[PDB]
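In the block that follows, a single chain appears as C-alpha cells, in the form deposited in one PDB entry.
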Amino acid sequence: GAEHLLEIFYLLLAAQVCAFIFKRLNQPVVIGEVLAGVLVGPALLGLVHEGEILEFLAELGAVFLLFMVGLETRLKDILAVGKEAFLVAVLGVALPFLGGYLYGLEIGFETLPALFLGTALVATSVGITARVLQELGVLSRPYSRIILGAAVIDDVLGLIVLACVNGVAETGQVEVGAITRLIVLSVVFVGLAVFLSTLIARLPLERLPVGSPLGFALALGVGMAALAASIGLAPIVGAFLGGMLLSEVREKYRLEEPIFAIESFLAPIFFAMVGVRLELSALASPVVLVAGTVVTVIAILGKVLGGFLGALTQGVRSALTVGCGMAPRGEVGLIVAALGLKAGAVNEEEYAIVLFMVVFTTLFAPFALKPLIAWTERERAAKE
C-alpha cells in the first residue's frame, strides 16, 4: 500500500527532474527517465526495488505509449510503406542471427550454443524507439512509419522464434504444431484488426452502450494489448493496433489529449523501471566486456543493415535511421538466453553477454536516433 505509493512518488519525482535535465542538455529525454530509475533504485539510493506492482505499471506505460503512437498513425500510411516494413523486419532477423551464429562458431562455441547466441539477437524492442519518434514530432515521417510497421512484423517473427526455442529447450525438437498455431493466431489477429479498422468509421458509438467515447477507447486499447499478450505477442503491439483503430476518430471524440495524459503518467514509470533493473555488472568478468562489446556491435550492425537495405528506397539517411530504430533489444532476447540455460546450450557468461547487449543496444538507440533524425530532416530541407 503505502510502500508502493512512496515508490511511485520517488520514480515520478526523479523522472521529472532528470527529464528536465536532459532537455536542458539537448539529450534524449527518455534516457533521463532511465537514469532516474538507476538513481532511486538499488544501485544507489535504494528507494525503489523490483516488484510485481511496479512492473505491471511499467507495462501499462509502454502500452499507453504505443497506444498513443497508434492514435497518430493512419493504417493506410503504414500500408504505403508495407513492402519496406516487411523487408526491414525479415532482414533485421536474418542478419543479426547469422552474424551472431558465425561469431559464436568463431569463439569456439558448439553448434547449439551458437544457434542460441544468434537467436538472442533477433528481436526488436521498439518502446524506447517509439518514444523518441514521438518526442521529436516525427511520427508522420516515412522512417517512423517503416519502423513501427517493421516492429509489428518483427514481433510476429520474434514469437515464432520464441516458440521454437521453447520447444527445443523442453522437448529437444521443433514443435511445428505450436509454431503454426501461433502464426495462425497472429496473422488472424493482425489481419482482423485491419478489417475492424473499418467498423470504427462505419458505426458511430452513439448507439454503443458505453459511458463515454474515451471509456470505450480505453477498453479497446487495453483489450487489444490483452489479446496480443494472450497469443504471446508483446502487449505494445496490440496497443499500437488498438490506437490505429481509433486514429480516424481521434479528433472527433477528442481522444488525443486524454490518452496522452495517461501516457504522461505511466510511460515515465516504464522507462524508469528499465533503470531500476540495471545490474551494473559485469566488471569482475573480463570476457564479458570483450565478447559482449563485439556481440553488441554485431547486434547493432545487423539491425542497422536490415533497415538500410529494406528502407533504402527512402534514402541513406532515412534508411540508417530506420536501422537504428530497430536496434534496441529487450525481453525476448533474455528469455531466449534463459531457455538456453535450461537446454544446456547457454552458460552464465554467455547470458551476461546477452544481458550486456540488451542494455547497451537499449541505451544506444536514442543517442544515435536523435542526431540521425536531425540529419535526415536537414537533408529534406536542403532538397526543399
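Here, rigid core means the biggest group of C-alpha atoms that superpose within 1.5 Å across both forms. Numbers follow the displayed sequence, beginning with 1.
FYI, the form deposited in another entry isn't displayed, but the following is about it.
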property: Displaced residue between this form and the one not shown, judged on C-alpha after the rigid core is fitted, out of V69, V346, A62, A319 (threshold 2 Å or more); result: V346
property: C-alpha of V184 off by 2 Å or more between this form and the one not shown on rigid core; result: no
property: Per-residue C-alpha change between this form and the one not shown, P209, threshold 2 Å, rigid core fit; result: no
property: Rigid core superposition, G104 Cα moves 2 angstroms or more between this form and the one not shown; result: yes
property: Outcome for the Cα pair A337, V168 in the other form, compared with this form (closer or farther; change of 3 Å or more); result: farther
property: CA-CA separation of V168 and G330, closer or farther in the other form than in the form shown [shift of 3 angstroms or more]; result: farther
